[PDB]
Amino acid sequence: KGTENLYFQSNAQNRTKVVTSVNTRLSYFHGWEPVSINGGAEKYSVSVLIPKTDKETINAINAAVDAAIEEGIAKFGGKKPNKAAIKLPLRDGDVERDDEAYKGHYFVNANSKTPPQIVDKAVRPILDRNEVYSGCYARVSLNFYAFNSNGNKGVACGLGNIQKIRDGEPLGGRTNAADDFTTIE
């Protein structure tokens, strides 16, 4: 599994982990410092843009979501849920958003409490934050897992590490100036 040597590979796959392609684009990148989104708990996060042409990654995500659901059933039993009844992580950029960067892409909102490791093409840690930013292309490690919290339930996406591949045009961020400034009275 993963980057293991084929001869010495683990007996079982990690069914819930997916590493996205080199054509993955980062949106709303919060990998160097964590932030609160809509008053939520402060977390590292990124919206990972997966081209609709990346069938290998999409198929891997679909299989991982199913495996997450199955692992949730193995933990606590009961009947498998109807997928229309729960929150699922692979979102459609063409119909759920109105942003040009999202056209022709699926997206996943990945987050973690702890910081990701952010590395270059040679798998060395990146020592200049200006190399990774919203709009660049990077592989992202993702782990899918069952959850229930905040009035929602389904399958969530944990953010793992990030491997920068190539520059892209910078993307604008969320409208969060009120986190820095007060009304001047």
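Just count from 1 along the sequence shown to find any residue number.
- Two stretches are in play, 38 to 46 and 140 to 148, and the higher mean C-alpha B-factor belongs to 38 to 46.
- As recorded in the PDB entry, 79 to 87 is the stretch of 103 to 111 and 79 to 87 with the greater mean C-alpha temperature factor.
- Each of 175, 163, 16, 23 has a CA temperature factor in the record; the biggest one is found at 175.
- Split the chain's modelled residues into thirds by C-alpha temperature factor. Residue 92 is in the lowest one.
- For residue 54, the recorded CA B-factor ranks within the middle third of the chain. Only modelled residues enter the ranking.
- Annotation for residue 120: CA B-factor lies in the middle third of the chain's modelled residues.
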